[PDB]
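A.B. asks: Structure in structure tokens, see below.
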Amino acid sequence: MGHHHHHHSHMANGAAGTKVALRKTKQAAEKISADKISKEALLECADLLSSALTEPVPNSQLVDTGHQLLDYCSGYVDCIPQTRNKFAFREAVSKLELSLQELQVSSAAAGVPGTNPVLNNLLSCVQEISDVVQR
């Protein structure tokens with residue numbers, strides 16, 4: 001216990017733009033985290049959403065948990081050989097990002113189950129994304 005510096009998990013976040021430089025392009029698949037994005041890993045991350053959209057949780061948790069799927073998808077999508085699936089994957093991700101960004105500003109309730117139809121729209125997108133990989 002401690003009543004002086006009372007802050008749990010306070011990571012020293014301090015990088016004013018410095019960490020944003022050559023992320024515009026690539027460098028080497030070995031170092032690129034996107035090359036590490038595994039098929040099963042993406043499915044498991046999506047499973048967090050399907051669960052989180054059926055269990056009552058705060059808006060922050062919903063958006064932040066789904067927010068990672070965008071990085072996984074944006075990197076993994078180009079690896080998909082079948083262009084049909086790759087396109088169906090693109091649209092699903094496009095639906096996911098729009099739904100997530102509107103959910104955070106349309107929170108209002110913040111922590112109320114079923115509060116916004118957007119939650120079901122997210123679920124629809126997650127089902128599509130996983131199913132595209134299962135095609």
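Virtual Cβ from ideal backbone geometry, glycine too; neighbours counted across all protein chains shown. Here, each number is a calculation from the coordinates, and none is a lab measurement.
A.B. asks: Is it the case that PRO56 is touching a residue at least 12 places away in the same chain (Cβ under 8 Å) and loosely packed, with under 12 Cβ neighbours inside 10 Å?
C.D. replies: Numbers: touching a residue at least 12 places away in the same chain (Cβ under 8 Å): yes; loosely packed, with under 12 Cβ neighbours inside 10 Å: yes.
So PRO56 fits the description; yes.
A.B. asks: Looking only at the stretch 114-135, filter to residues that are free of Cβ contacts under 8 Å to residues at least 40 places away in the same chain and part of a helix (DSSP H, G or I); which one of those is surrounded by the most Cβ atoms within 10 Å (Cβ to Cβ)?
C.D. replies: Among those that are free of Cβ contacts under 8 Å to residues at least 40 places away in the same chain and part of a helix (DSSP H, G or I), it is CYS125.
A.B. asks: Which residues, counting only those in the stretch 59-105, are hydroxyl-bearing (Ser, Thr, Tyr), more than 14 Å from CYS45 (Cβ to Cβ) and surrounded by 16 or more Cβ atoms within 10 Å (Cβ to Cβ)?
C.D. replies: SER99
A.B. asks: Would you confirm whether any residue within the stretch 99-113 is closer than 23 Å to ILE32 by Cα, without any contact (Cβ under 8 Å) to a residue 60 or more places away in the chain and touching a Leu at 6+ places or on another chain (Cβ under 7 Å)?
C.D. replies: The answer is no; no qualifying residue exists.
Okay, residues lined up against (1) in a loop (DSSP other than H, G, I, E, B); (2) touching a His at 6+ places or on another chain (Cβ under 9 Å); (3) not hydrophobic (A, V, I, L, M, F, W, C):
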residue: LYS19; (1), (2), (3): yes, no, yes
residue: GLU40; (1), (2), (3): no, no, yes
residue: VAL63; (1), (2), (3): no, no, no
residue: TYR72; (1), (2), (3): no, no, yes
residue: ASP78; (1), (2), (3): no, no, yes
residue: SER107; (1), (2), (3): yes, no, yes
residue: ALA110; (1), (2), (3): yes, no, no
